[PDB]
Amino acid sequence: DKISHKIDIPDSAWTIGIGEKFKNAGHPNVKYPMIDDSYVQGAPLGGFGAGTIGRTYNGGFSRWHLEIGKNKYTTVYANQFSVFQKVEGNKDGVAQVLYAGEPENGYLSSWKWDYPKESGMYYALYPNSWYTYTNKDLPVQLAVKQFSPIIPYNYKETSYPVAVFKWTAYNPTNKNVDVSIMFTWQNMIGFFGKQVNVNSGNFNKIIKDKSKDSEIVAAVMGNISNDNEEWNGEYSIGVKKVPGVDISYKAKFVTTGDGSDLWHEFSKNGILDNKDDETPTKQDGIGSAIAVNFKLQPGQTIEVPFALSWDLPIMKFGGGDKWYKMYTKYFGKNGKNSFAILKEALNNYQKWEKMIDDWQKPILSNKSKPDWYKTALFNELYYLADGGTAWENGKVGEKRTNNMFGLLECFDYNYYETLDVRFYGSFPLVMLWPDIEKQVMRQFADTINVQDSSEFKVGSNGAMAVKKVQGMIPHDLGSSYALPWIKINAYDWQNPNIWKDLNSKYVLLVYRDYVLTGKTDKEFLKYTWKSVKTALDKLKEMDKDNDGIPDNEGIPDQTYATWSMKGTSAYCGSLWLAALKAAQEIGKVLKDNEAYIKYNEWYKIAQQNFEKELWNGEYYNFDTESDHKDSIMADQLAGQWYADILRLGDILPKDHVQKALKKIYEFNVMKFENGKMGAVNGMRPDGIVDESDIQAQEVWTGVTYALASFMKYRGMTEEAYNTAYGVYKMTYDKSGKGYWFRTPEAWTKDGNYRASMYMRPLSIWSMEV
Ligand SMILES: [Ca+2]
């Protein structure tokens, strides 16, 4: 491994061997069907709202999120990088597809598959990933740096459906070597969204953009139809000329064939035929190839950039709505712009590398923080692009100034912006893309007073319930199977209109977004103020016994739905107290004295009653009326956690909060599998896990990271990082369960999981306040 010195991979990059087998992998722990795409994953490519492409550590383009809201795991075997190498003096060279595997069926059988084990490494520190290729049969060593321009405070490049592959080649031997690098890509128009004739009309063309000191050669893979539909658009691959390399290409090879039409050319001398052919296909799958070839002398290094783009302008949801994706603002809407996107990338990628370095450097240069924490912090951000992200630039048909945004809870529970989950999981957005965050909260503000009196069947018990009640904040902003943004509360497993936690969380999210963007945006507080007042007022009506706190009813009425709360709970109670104190402060800022005095009076009566009902000398009781009332809940003081972030001071005494957190560490962390798997939700005071519900026996990964940040702000540094380490270990480490780039909601003590690719563990960014 001499190639690693010639590139700059950071020490905190997650690492694994190409073709490595992982034996300890976790699986779903529920009865009902659930996504398990295996441990063969990698860092995604593509911007926010663009659709994403997961290229795995084995090299394959396998996890397809190009249909917005859907997860489709299947390797498109034609999509590869391949290498030819020939030492001078030798009669024949050697060709190899850089993929640790082979096709299932007989297509592309002529290609050299099965990249051998122990001959290269994969590295990832999102948005960057790397592959090194160190093979005894290949005297020249190769490496590639791949990424998309995911850049905080940038809402432009961050939206781009593009990826750059920056190759580096070095000759450590004492002989000249001829080398070629080839990018192949299938014309994937019709991969999704086309009901019949899936390849019909697909055709490939070659663009040669000649100019002074900048030759670009690219394949544009599109369709002869100009229909403005979900399925129609273009893919493009290409490369930029550099000193010392020649470019060659093949416009059309058959992907539904043995591939020797391409491979007989490449395997001979690493040079393609330069055959243009715009003939449309009927049933055969087609693809394009772009190759560079060059001669490396002993000790010579050379660098060459390839790129990939996809112009698929329209996203369609199952309810019928068609929207334009965000990137169309900068490239157009007609779906004929893939070359323009590719060109932009090939000419500006170095500026993008530096911009990515600029935002990662403040954390990476901090030597007080361990590498493992940095690994988790950056790589958890994968989900912002991979979470079925929807970011609209006009409805098809239809002008407006705001661009609506949605991030899925996950793919098993296909709900956009689930409010509970984004309470924990929206920290990266508020901290790194605050204009998206504020847009999402305005979307919620506009739904507060929506009344939908039509009745739906509740999934858990079969009872009938009203869809959306006036003054109650929605559970979610729709599903990709139906109508995101337009039809809210797609969730039907419980009735969220009776929930005691969502209205409080909403108000806390509003004040968080004011506080964490500099306490400057009065216009935002102005816009949300009436919804905030309405949210707290409706929740006050649920106070039955008149202690100033809404009563949990012993039935599903908060996010830990099946782990039943009754009376005053520590969870909803603390959130209620924090929400009231946040609303006081908004009242002061907007000079709404009536509201200030009201929410101040409610706060004082509730604070007093919360402490009297729940404080037990060591921690705060789960609730006042359940059979598991004295359980130690990991999330018991969630309101105080947010109160620290929002700079609202003490809602509860400092001494009591410190004892409560120490107890959670002593029990929920350290007595659950030696503190190596995070904080289990519920533990009994005797030291055994609360078995009253499945949710109590689960570690929730986002809750554990949030708890770690709470510990961190309260000076409990060892406890914070030790608590968070178990989540890192399980996700990323060789002794974990193989959840890298699909961090789940939860696992049980055996390490098996519920709901991979989950939003909540983005809460790790709460540790960077
Ligand atoms: Ca009450």
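We count residues from 1, following the sequence as given. Counting starts at 1 for both ligands and their atoms, in listed order. The figures that follow rest on heavy atoms only: side chains count, while hydrogens, waters and symmetry mates do not.
The distance cut-off of 3.0 Å around the Ca ion (ligand 1) captures these protein N, O or S atoms, sorted by chain and number: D543 OD1, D545 OD1, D547 OD1, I549 O, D551 OD1.
Here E666 does not pair with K671 in a salt bridge; the nearest charged N to carboxylate O distance is not below 4.0 Å. Remark: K659 engages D655 in a salt bridge, criterion side-chain N to carboxylate O under 4.0 Å. Note on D592 versus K533: salt bridge recorded, some NZ/NE/NH1/NH2 to OD/OE distance being below 4.0 Å.
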Solution key, residues 722-729 side-chain donor-acceptor pairs under 3.5 Å, sequence neighbours excluded:
unit_1 : atom_1 : unit_2 : atom_2 : d
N722   : ND2    : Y665   : OH     : 3.2
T723   : OG1    : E719   : O      : 2.6
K729   : NZ     : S735   : OG     : 2.8

Please tabulate, one pair per line, all N/O donor-acceptor pairs under 3.5 Å involving side-chain atoms of residues 547-555, not counting sequence neighbours.
unit_1 : atom_1 : unit_2 : atom_2 : d
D547   : OD1    : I549   : N      : 3.2
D547   : OD2    : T568   : OG1    : 2.8
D551   : OD1    : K544   : N      : 3.0
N552   : OD1    : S569   : OG     : 2.7
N552   : ND2    : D557   : OD1    : 3.1
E553   : OE1    : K500   : NZ     : 2.8

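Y413 pairs by the ring pair (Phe, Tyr, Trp, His ring centres under 6.0 Å) definition with nothing, not counting sequence neighbours.
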